[PDB]
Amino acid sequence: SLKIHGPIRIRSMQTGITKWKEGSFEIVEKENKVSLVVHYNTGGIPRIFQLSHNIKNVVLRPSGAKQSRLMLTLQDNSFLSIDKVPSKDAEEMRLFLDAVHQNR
C-alpha cells in the first residue's frame, strides 16, 4: 500500500484551485492502470487522478525538519501538492511515481 498524509492543495479543471486541506494521497489500480485517490479528513466523495501515461513531473521540496512537500504535475496540467509529509514517506512516493512515469 502507498498512502501519504498532510495538508493538500490542488489546481485542476475538476477541482478549481483549492485551499490547503488535510487529507491523503493513496495509490489505487486496475489491470495495470495506476491512479491516485485524494481523500479529505472533512469527508465528501474522493476524487481520482489517473497516473499511468499521465505524469509530467514530480518535485520534492523541504518542508521543515524531517518533512517534505511533494508536487505532482500531470500531463493534463493538473497540479497536486501535499505538504508536511515525513521525508522517508515522501521519497518512497516520489520513487513510485517516477517508476509509473517511466512505464514500470
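Numbering starts at 1 and follows the sequence shown.
Student: Which has higher Cα B-factors on average according to the PDB entry: 26-34 or 55-63?
Tutor: The entry gives the higher C-alpha B-factor average to 55-63.
Student: Going by the mean C-alpha B-factor recorded in the entry, which is higher: 65-73 or 39-47?
Tutor: The recorded data point to 65-73.
Student: Which third, lowest, middle or highest, does the C-alpha temperature factor of residue 9 belong to within its own chain?
Tutor: Ranked within chain, residue 9 CA B lands in the middle tercile.
Student: Compare the C-alpha B factor of residue 101 with those of the other modelled residues in its chain, then answer lowest, middle or highest third.
Tutor: Middle third, going by the recorded CA B-factors of the chain.
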